[PDB]
Amino acid sequence: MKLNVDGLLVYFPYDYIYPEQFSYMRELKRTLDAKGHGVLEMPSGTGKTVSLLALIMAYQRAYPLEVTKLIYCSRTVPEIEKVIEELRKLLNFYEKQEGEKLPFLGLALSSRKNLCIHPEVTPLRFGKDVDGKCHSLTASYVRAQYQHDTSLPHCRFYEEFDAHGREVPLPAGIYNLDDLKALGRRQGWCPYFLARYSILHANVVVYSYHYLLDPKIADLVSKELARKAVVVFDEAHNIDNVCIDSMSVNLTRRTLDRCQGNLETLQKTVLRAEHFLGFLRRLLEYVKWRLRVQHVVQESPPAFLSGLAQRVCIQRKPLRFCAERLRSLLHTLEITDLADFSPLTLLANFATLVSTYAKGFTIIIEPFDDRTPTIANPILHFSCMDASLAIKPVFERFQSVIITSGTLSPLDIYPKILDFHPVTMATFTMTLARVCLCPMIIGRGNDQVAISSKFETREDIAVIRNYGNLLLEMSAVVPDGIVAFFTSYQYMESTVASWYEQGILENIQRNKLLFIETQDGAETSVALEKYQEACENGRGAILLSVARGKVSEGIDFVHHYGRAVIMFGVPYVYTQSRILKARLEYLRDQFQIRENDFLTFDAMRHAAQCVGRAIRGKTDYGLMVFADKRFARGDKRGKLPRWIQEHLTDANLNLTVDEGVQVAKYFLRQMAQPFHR
Amino acid sequence: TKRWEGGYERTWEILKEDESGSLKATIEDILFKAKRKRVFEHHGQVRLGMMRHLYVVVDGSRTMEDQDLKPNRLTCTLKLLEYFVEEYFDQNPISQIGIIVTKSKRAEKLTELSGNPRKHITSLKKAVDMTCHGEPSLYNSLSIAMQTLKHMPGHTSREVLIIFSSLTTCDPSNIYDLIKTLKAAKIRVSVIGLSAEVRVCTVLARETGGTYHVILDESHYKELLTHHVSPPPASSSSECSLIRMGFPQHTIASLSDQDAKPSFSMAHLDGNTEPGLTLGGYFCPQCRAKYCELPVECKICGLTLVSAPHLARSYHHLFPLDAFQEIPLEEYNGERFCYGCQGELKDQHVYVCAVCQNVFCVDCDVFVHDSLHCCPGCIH
Amino acid sequence: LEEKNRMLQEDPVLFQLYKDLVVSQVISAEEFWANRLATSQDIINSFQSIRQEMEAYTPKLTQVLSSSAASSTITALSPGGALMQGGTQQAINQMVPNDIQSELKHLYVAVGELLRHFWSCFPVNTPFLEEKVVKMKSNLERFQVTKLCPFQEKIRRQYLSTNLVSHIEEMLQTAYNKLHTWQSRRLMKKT
Ligand code: SF4
Ligand SMILES: [Zn+2]
Ligand SMILES: [Zn+2]
Ligand SMILES: [Zn+2]
């Protein structure tokens, strides 16, 4: 309906408005009027998007000059499609309640693989070759040679779009990716090209983080779209990790082997400008020198170029000309396809990065591999250390960048992890007719022994027996699925092996089915499917996984799926690989961040992220348990999101397994009664 | 605004005086208004019913050994089931109850589908000392119930009640196909769980049209059972539904006459002990079979033996008594004696029947509308 | 044969019934296991007469009751009287010794089974059932002659006062009358 905010009226598709949504709208309007950045925290994945879009539309209607372009970067494609359909529902509601159309355009952006109509490139599963084949089929040389109408197979969507799709605009009608594909195939145009032509004359647009955090594509996709624009990163509790990974590259034997294989073909094509032909040939041996050197670690971000300018004595300036060479020399060579060519491009990108960005980075070489440490595997990784590098181009080009997610409990660490000036410090806790979650921390077991996942007690028999007993007697009180998270795959397998050794895992098996998540994508998918089908009926099942796994964030445990979420110990990242310690040192000597504080923050952030996916929707309910006494300390409880803090009473902070089971039984018994809306 | 933030209520303004003593009239009016606090209906709900073949499924897994309900779940469940059977047979004359117990991934038909209350109670009392082992199997229990109720007549309402204590069920095959088959069979399934909500039970109840509930305590358990006691509403006319049933007269035997003929009871003949060879009892109108308990379907000729008063006790719902017309005493120009109690009419209001135009006082009108259910004047 | 023998051994009562029905030629073994597997104005005149008689009514005291009437009423209401019949099978729990009682129960079970089969056959909707009911009647008559007649002779020899056979005769007579009536209807339907 029509909500009356202090200086505006906003139409809302839903007649009923929760107080949390109203307060969130108040705060967001305050931020928009403040013309500054900020950070938000909401506990519901659904219902945030509709309110955000409604307030954005209301603000655009009220102040067309203040806001012109909107960005709603999300994590994956399902979020993009769901926000697109939510915007479509909002627009339909506005049309039916108002009666007249508006000239607002909304499109979704993705990879060229997602948006393509050629049936010759869809079946293949090469994401690194689809773009190369698209460039080969249509490019500047293709356009030049199309004048004589050469009889050769090539893409023709652009050859029609440039003559028919560059004149007719799309002032009205928000279009989804499937809608864009349908329009392109009915008009004989490329969806990507029409999307590129239509972003300039558009109201809102959504895409992934990789189109803004990665500088190699953000400039191409966003250069002069709007000086005064609003961008929001929903579900960005791990924004620092993706920012770090944006400027992170890895090198192995395969890359150098591929480069040395393809340079011969490149030279053969060339012999059929010279400033780079001889320049590229001798670059390989400098990095292959570390292959033959058996050393543990070499760190010299500033001195790496100094050492490069000694073995071959090369100036640092021409490195800056490498990247601009990619768009110049390669198109002259008429590359057939980008296959067998990506490592050469990434080597140039790495060289440009080390030539330019060396103030807050580190070069790491590791002669270690999993289960085959020292055979032949010197891995060089130019790991980034500061998350501010990937966030400057969006803070300096935008006005009201907002970072919101389901877990942003410490609002004082994000503004200092990355250069940020928050003006909000706002948190919201959802309320319903009944308490939909019952968090509790289980300390010592029935033997009055702590069940902490301490490193020195990982092999301890007593803690494993207590964990098994807790999982057994817990599996008989909460039905149809329990999701358990462990610290690591090694610890998980060592625990399940010990459980199998004793006559205890059979007791859990006869109650619920056990499914183990592995690194295989297909195996994980089929395990998830069979877990879902087993939880559909009354059989019930247990899904054992790891906090730092692709399954932790890849799926959402909606109601009736995983009524209980168990945290077996505080999930601590492994201190090895000499990558975490470098970041800890950088934060210590630069941002004055305590190492223990940052480790606890990361551990609790991961724990809350993997435990907060059991509550999706107002009607959804679930149980959350932490099987570690270390959670009992205030320094870790304070890192939990505010919407879970108030429900974590001091009564159940160190209770044993039996009383935790009793509390779970009471909560589940009292939550099954009908509630109203 | 708020209802309590306005003006303070002054309820004492109702009473007034005009002759320095008129308060007696006001208190008499209050006393008169105190009566007639009922809707002239003992039930006020469903005015009809339909024959129900109800199957009760009882979990026999280890979860029944839990002591949530003193002393354990099994004993309290069986006691409340005995109470439910008694009340259900009291409020349903021609209904039938079957009992199935699920244990060790199998289902055992503890009692045949019949209308005898004593047999069900005896079986339940015997089942108190059973052994709780294994896990329940909803698929097998529902398959047995469907197989038994597949051949039942369409006019009867087929209902299945499941008391699911354990949260896990072992299904030898897919259960949703069985749920679809039950939906095609028009079988109503209702589940009363004990621990928590289970997805399969909710889906089954929603698809079969039944209701799914979860027990909070023993009182809530009894309330749910009492709610399940009431028969479902029935359509006005479905089919040619009838049943051939007899009305065995309770003919006892006395040695004074020459027809003192002892006879062993058919029900007692199957007992291990010596069957009661009493003087007389209930003789079947068709094959002269002797029975001691009613209502019991005849073992020999298959006839149903029912007691006529039990059927007749619900006949007043078919022909409810119309509310009498309230008339002030002054405006009635006739006799001032109640036609029912012969008492003098002194109340401010007199009730007159629309049929016989007699006079009934407040007490007699309430008695007729609540208990008698028939107008004494209309009888004449 | 071996399968059939084990069934009889597990239930000696059925084995006794099997001998009492098959060995005694009452029924064949084939059929045995087949089932196992007012007036005129005078009323107004009387009404007027009683109205006139009660028009002049005077209460009476002596005529209401007499010593003889009270004594007779007490004797009737005394224990052992007509309304207070105290016999009612005085010691039937110990009368007709339990050896006969077990045989009586066996006969009751056999008659109940045969009548259950007969009533399951009823009503006869197919010509196949017509012969089956005749066979059931023949089996009933053979069983009666084989068992009840010696049973009646034993009862008469021991002079038991209880009419145990009377109820069995009542059921058998009722079944025979029902079969005769149905046969009469069948003859009438063909007319
Ligand atoms: S131009 Fe468009 S349609 Fe043609 S190959 Fe590239 S992505 Fe596909
Ligand atoms: Zn009968
Ligand atoms: Zn009266
Ligand atoms: Zn009347």
# chains A, B, ... in the order shown; residues from 1 in each chain; ligands from 1
call {"tool": "residues_near_ligand", "arguments": {"ligand": "ligand 3", "cutoff": "7 Å", "atoms": "only C-alpha atoms and all ligand atoms", "output": "PyMOL selection string"}}
result
chain B and resi 338-343+360-364
call {"tool": "residues_near_ligand", "arguments": {"ligand": "ligand 1", "cutoff": "9 Å", "atoms": "only C-alpha atoms and all ligand atoms", "output": "VMD selection string"}}
result
chain A and resid 111 to 122 130 to 139 154 to 158 184 to 185 188 to 193
call {"tool": "closest_atom_pairs", "arguments": {"of": "chain B", "to": "chain A", "cutoff": "8 Å", "atoms": "only C-alpha atoms", "output": "Markdown table"}}
result
| residue | atom | partner | partner_atom | distance |
| --- | --- | --- | --- | --- |
| B:167 | CA | A:479 | CA | 5.7 |
| B:168 | CA | A:539 | CA | 5.1 |
| B:169 | CA | A:538 | CA | 5.3 |
| B:170 | CA | A:539 | CA | 6.2 |
| B:171 | CA | A:539 | CA | 7.9 |
| B:175 | CA | A:537 | CA | 7.5 |
| B:194 | CA | A:669 | CA | 8.0 |
| B:195 | CA | A:669 | CA | 6.0 |
| B:196 | CA | A:669 | CA | 5.1 |
| B:197 | CA | A:672 | CA | 5.7 |
| B:198 | CA | A:479 | CA | 6.5 |
| B:199 | CA | A:560 | CA | 6.5 |
| B:200 | CA | A:537 | CA | 5.0 |
| B:201 | CA | A:538 | CA | 7.8 |
| B:213 | CA | A:673 | CA | 7.5 |
| B:214 | CA | A:672 | CA | 6.4 |
| B:215 | CA | A:669 | CA | 7.5 |
| B:216 | CA | A:669 | CA | 6.5 |
call {"tool": "write_last_selection", "arguments": {"atoms": "C-alpha atoms", "output": "PDB file, in the first residue's frame"}}
result
ATOM      1  CA  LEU B 167       9.543 -39.004  14.225  1.00  0.00           C
ATOM      2  CA  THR B 168      10.913 -41.542  11.716  1.00  0.00           C
ATOM      3  CA  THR B 169       9.065 -44.050   9.536  1.00  0.00           C
ATOM      4  CA  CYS B 170      10.509 -46.801   7.344  1.00  0.00           C
ATOM      5  CA  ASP B 171       8.752 -47.130   3.989  1.00  0.00           C
ATOM      6  CA  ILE B 175       4.679 -43.202   0.155  1.00  0.00           C
ATOM      7  CA  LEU B 194       3.474 -36.372  20.171  1.00  0.00           C
ATOM      8  CA  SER B 195       7.002 -34.980  19.752  1.00  0.00           C
ATOM      9  CA  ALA B 196       7.005 -32.421  16.929  1.00  0.00           C
ATOM     10  CA  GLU B 197       5.716 -31.622  13.452  1.00  0.00           C
ATOM     11  CA  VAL B 198       6.656 -34.060  10.677  1.00  0.00           C
ATOM     12  CA  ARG B 199       6.478 -33.041   7.024  1.00  0.00           C
ATOM     13  CA  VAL B 200       5.058 -36.329   5.728  1.00  0.00           C
ATOM     14  CA  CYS B 201       2.222 -36.333   8.268  1.00  0.00           C
ATOM     15  CA  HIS B 213      -2.150 -31.837  15.351  1.00  0.00           C
ATOM     16  CA  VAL B 214       0.699 -32.008  17.865  1.00  0.00           C
ATOM     17  CA  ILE B 215       0.207 -32.810  21.547  1.00  0.00           C
ATOM     18  CA  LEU B 216       1.236 -30.209  24.122  1.00  0.00           C
TER      19      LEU B 216
END
call {"tool": "residues_near_ligand", "arguments": {"ligand": "ligand 4", "cutoff": "12 Å", "atoms": "only C-alpha atoms and all ligand atoms", "output": "ChimeraX atom specification"}}
result
/B:321-325,339-340,351-360,365,368-369,373-380
call {"tool": "residues_near_ligand", "arguments": {"ligand": "ligand 2", "cutoff": "6 Å", "atoms": "only C-alpha atoms and all ligand atoms", "output": "PyMOL selection string"}}
result
chain B and resi 284+286-287+289+298+300-301+303
call {"tool": "write_last_selection", "arguments": {"atoms": "N, CA, C and O atoms", "output": "PDB file, in the first residue's frame"}}
result
ATOM      1  N   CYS B 284     -31.032 -63.564  18.359  1.00  0.00           N
ATOM      2  CA  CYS B 284     -31.033 -62.976  17.029  1.00  0.00           C
ATOM      3  C   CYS B 284     -32.409 -63.131  16.389  1.00  0.00           C
ATOM      4  O   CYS B 284     -32.972 -64.234  16.397  1.00  0.00           O
ATOM      5  N   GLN B 286     -33.111 -63.329  13.365  1.00  0.00           N
ATOM      6  CA  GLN B 286     -33.015 -64.088  12.126  1.00  0.00           C
ATOM      7  C   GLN B 286     -32.687 -65.559  12.351  1.00  0.00           C
ATOM      8  O   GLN B 286     -33.381 -66.433  11.825  1.00  0.00           O
ATOM      9  N   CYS B 287     -31.642 -65.857  13.123  1.00  0.00           N
ATOM     10  CA  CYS B 287     -31.206 -67.232  13.331  1.00  0.00           C
ATOM     11  C   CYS B 287     -31.234 -67.651  14.796  1.00  0.00           C
ATOM     12  O   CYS B 287     -30.689 -68.708  15.134  1.00  0.00           O
ATOM     13  N   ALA B 289     -29.610 -66.760  17.291  1.00  0.00           N
ATOM     14  CA  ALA B 289     -28.329 -66.805  17.977  1.00  0.00           C
ATOM     15  C   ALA B 289     -28.377 -65.950  19.238  1.00  0.00           C
ATOM     16  O   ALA B 289     -28.987 -64.878  19.267  1.00  0.00           O
ATOM     17  N   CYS B 298     -24.110 -60.166  14.200  1.00  0.00           N
ATOM     18  CA  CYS B 298     -24.326 -61.592  14.409  1.00  0.00           C
ATOM     19  C   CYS B 298     -23.258 -62.408  13.693  1.00  0.00           C
ATOM     20  O   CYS B 298     -22.951 -62.165  12.523  1.00  0.00           O
ATOM     21  N   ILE B 300     -23.411 -65.628  12.935  1.00  0.00           N
ATOM     22  CA  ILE B 300     -23.930 -66.713  12.110  1.00  0.00           C
ATOM     23  C   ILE B 300     -24.466 -66.184  10.787  1.00  0.00           C
ATOM     24  O   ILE B 300     -23.950 -66.525   9.717  1.00  0.00           O
ATOM     25  N   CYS B 301     -25.502 -65.352  10.845  1.00  0.00           N
ATOM     26  CA  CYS B 301     -26.159 -64.868   9.639  1.00  0.00           C
ATOM     27  C   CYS B 301     -25.632 -63.522   9.163  1.00  0.00           C
ATOM     28  O   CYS B 301     -26.069 -63.038   8.115  1.00  0.00           O
ATOM     29  N   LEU B 303     -26.177 -60.619  10.425  1.00  0.00           N
ATOM     30  CA  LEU B 303     -27.074 -59.507  10.702  1.00  0.00           C
ATOM     31  C   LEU B 303     -26.494 -58.609  11.788  1.00  0.00           C
ATOM     32  O   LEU B 303     -25.752 -59.063  12.662  1.00  0.00           O
TER      33      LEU B 303
END
call {"tool": "residues_around", "arguments": {"residues": "residue 117 in chain B", "least_positions_apart": "6", "cutoff": "8 Å", "atoms": "only C-alpha atoms", "output": "ChimeraX atom specification"}}
result
/B:85-86,89
call {"tool": "closest_residue", "arguments": {"among": "B:9, B:331, B:259, B:293", "to": "chain C", "atoms": "only C-alpha atoms"}}
result
B:259
call {"tool": "closest_residue", "arguments": {"among": "C:116, C:142, C:157, C:147", "to": "chain B", "atoms": "only C-alpha atoms"}}
result
C:116
call {"tool": "interface_residues", "arguments": {"of": "chain B", "to": "chain C", "cutoff": "8 Å", "atoms": "only C-alpha atoms", "output": "ChimeraX atom specification"}}
result
/B:254-256,260-264,269,279,287-289,299-302
call {"tool": "write_last_selection", "arguments": {"atoms": "N, CA, C and O atoms", "output": "PDB file, in the first residue's frame"}}
result
ATOM      1  N   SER B 254     -37.068 -67.870  32.705  1.00  0.00           N
ATOM      2  CA  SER B 254     -37.424 -68.178  34.084  1.00  0.00           C
ATOM      3  C   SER B 254     -37.863 -69.631  34.170  1.00  0.00           C
ATOM      4  O   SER B 254     -38.570 -70.123  33.283  1.00  0.00           O
ATOM      5  N   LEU B 255     -37.447 -70.316  35.238  1.00  0.00           N
ATOM      6  CA  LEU B 255     -37.796 -71.720  35.417  1.00  0.00           C
ATOM      7  C   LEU B 255     -39.276 -71.930  35.709  1.00  0.00           C
ATOM      8  O   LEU B 255     -39.736 -73.076  35.677  1.00  0.00           O
ATOM      9  N   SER B 256     -40.026 -70.862  35.998  1.00  0.00           N
ATOM     10  CA  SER B 256     -41.457 -71.004  36.238  1.00  0.00           C
ATOM     11  C   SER B 256     -42.182 -71.510  34.998  1.00  0.00           C
ATOM     12  O   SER B 256     -43.102 -72.329  35.108  1.00  0.00           O
ATOM     13  N   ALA B 260     -37.943 -72.631  29.770  1.00  0.00           N
ATOM     14  CA  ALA B 260     -36.678 -72.222  30.375  1.00  0.00           C
ATOM     15  C   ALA B 260     -35.561 -72.970  29.660  1.00  0.00           C
ATOM     16  O   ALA B 260     -35.227 -74.103  30.017  1.00  0.00           O
ATOM     17  N   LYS B 261     -34.984 -72.336  28.645  1.00  0.00           N
ATOM     18  CA  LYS B 261     -34.026 -72.987  27.752  1.00  0.00           C
ATOM     19  C   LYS B 261     -32.652 -72.350  27.897  1.00  0.00           C
ATOM     20  O   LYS B 261     -32.414 -71.250  27.367  1.00  0.00           O
ATOM     21  N   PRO B 262     -31.723 -72.988  28.607  1.00  0.00           N
ATOM     22  CA  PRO B 262     -30.364 -72.446  28.692  1.00  0.00           C
ATOM     23  C   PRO B 262     -29.665 -72.501  27.344  1.00  0.00           C
ATOM     24  O   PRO B 262     -29.934 -73.369  26.509  1.00  0.00           O
ATOM     25  N   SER B 263     -28.756 -71.552  27.134  1.00  0.00           N
ATOM     26  CA  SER B 263     -28.032 -71.464  25.875  1.00  0.00           C
ATOM     27  C   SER B 263     -26.685 -70.802  26.113  1.00  0.00           C
ATOM     28  O   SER B 263     -26.606 -69.787  26.812  1.00  0.00           O
ATOM     29  N   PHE B 264     -25.635 -71.383  25.543  1.00  0.00           N
ATOM     30  CA  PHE B 264     -24.322 -70.760  25.586  1.00  0.00           C
ATOM     31  C   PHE B 264     -24.254 -69.591  24.611  1.00  0.00           C
ATOM     32  O   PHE B 264     -24.768 -69.655  23.490  1.00  0.00           O
ATOM     33  N   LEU B 269     -18.426 -68.548  23.795  1.00  0.00           N
ATOM     34  CA  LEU B 269     -17.957 -69.864  23.372  1.00  0.00           C
ATOM     35  C   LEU B 269     -16.489 -69.863  22.968  1.00  0.00           C
ATOM     36  O   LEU B 269     -15.835 -70.907  23.061  1.00  0.00           O
ATOM     37  N   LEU B 279     -29.476 -68.167  31.647  1.00  0.00           N
ATOM     38  CA  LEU B 279     -30.856 -68.509  31.323  1.00  0.00           C
ATOM     39  C   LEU B 279     -31.275 -67.916  29.985  1.00  0.00           C
ATOM     40  O   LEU B 279     -31.883 -68.603  29.156  1.00  0.00           O
ATOM     41  N   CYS B 287     -31.642 -65.857  13.123  1.00  0.00           N
ATOM     42  CA  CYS B 287     -31.206 -67.232  13.331  1.00  0.00           C
ATOM     43  C   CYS B 287     -31.234 -67.651  14.796  1.00  0.00           C
ATOM     44  O   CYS B 287     -30.689 -68.708  15.134  1.00  0.00           O
ATOM     45  N   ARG B 288     -31.842 -66.848  15.671  1.00  0.00           N
ATOM     46  CA  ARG B 288     -32.003 -67.179  17.087  1.00  0.00           C
ATOM     47  C   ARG B 288     -30.664 -67.398  17.787  1.00  0.00           C
ATOM     48  O   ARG B 288     -30.581 -68.138  18.770  1.00  0.00           O
ATOM     49  N   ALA B 289     -29.610 -66.760  17.291  1.00  0.00           N
ATOM     50  CA  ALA B 289     -28.329 -66.805  17.977  1.00  0.00           C
ATOM     51  C   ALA B 289     -28.377 -65.950  19.238  1.00  0.00           C
ATOM     52  O   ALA B 289     -28.987 -64.878  19.267  1.00  0.00           O
ATOM     53  N   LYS B 299     -22.698 -63.389  14.404  1.00  0.00           N
ATOM     54  CA  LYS B 299     -21.634 -64.206  13.831  1.00  0.00           C
ATOM     55  C   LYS B 299     -22.164 -65.184  12.792  1.00  0.00           C
ATOM     56  O   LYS B 299     -21.441 -65.539  11.854  1.00  0.00           O
ATOM     57  N   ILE B 300     -23.411 -65.628  12.935  1.00  0.00           N
ATOM     58  CA  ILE B 300     -23.930 -66.713  12.110  1.00  0.00           C
ATOM     59  C   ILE B 300     -24.466 -66.184  10.787  1.00  0.00           C
ATOM     60  O   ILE B 300     -23.950 -66.525   9.717  1.00  0.00           O
ATOM     61  N   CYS B 301     -25.502 -65.352  10.845  1.00  0.00           N
ATOM     62  CA  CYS B 301     -26.159 -64.868   9.639  1.00  0.00           C
ATOM     63  C   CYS B 301     -25.632 -63.522   9.163  1.00  0.00           C
ATOM     64  O   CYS B 301     -26.069 -63.038   8.115  1.00  0.00           O
ATOM     65  N   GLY B 302     -24.708 -62.907   9.898  1.00  0.00           N
ATOM     66  CA  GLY B 302     -24.154 -61.631   9.503  1.00  0.00           C
ATOM     67  C   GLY B 302     -25.039 -60.433   9.764  1.00  0.00           C
ATOM     68  O   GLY B 302     -24.683 -59.321   9.355  1.00  0.00           O
TER      69      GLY B 302
END
call {"tool": "residues_around", "arguments": {"residues": "range 22-25 of chain C", "least_positions_apart": "5", "cutoff": "9 Å", "atoms": "only C-alpha atoms", "output": "ChimeraX atom specification"}}
result
/C:17,32,142-143,146
call {"tool": "write_last_selection", "arguments": {"atoms": "C-alpha atoms", "output": "compact mmCIF listing (two decimals), in the first residue's frame"}}
result
# COMPACT_ATOMS: atom_id res chain seq x y z
CA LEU C 17 -14.67 -82.23 14.81
CA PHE C 32 -14.79 -80.17 4.90
CA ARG C 142 -26.63 -86.37 9.21
CA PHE C 143 -24.84 -84.51 12.02
CA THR C 146 -25.14 -88.93 14.40
call {"tool": "residues_around", "arguments": {"residues": "range 363-366 of chain A", "least_positions_apart": "3", "cutoff": "7 Å", "atoms": "only C-alpha atoms", "output": "VMD selection string"}}
result
chain A and resid 296 to 301 378 to 383
call {"tool": "atom_distance", "arguments": {"atom1": "CA of residue 67 in chain C", "atom2": "CA of residue 54 in chain C"}}
result
26.6 Å
call {"tool": "select_by_dssp", "arguments": {"residues": "range 99-277 of chain B", "states": "alpha helix (DSSP H)", "output": "PyMOL selection string"}}
result
chain B and resi 117-126+138-149+175-184+199-208+218-229+266-269
call {"tool": "select_by_dssp", "arguments": {"residues": "range 224-411 of chain A", "states": "strand (DSSP E or B)", "output": "PyMOL selection string"}}
result
chain A and resi 230-234+250-251+361+364-366+379-381+384+402-405
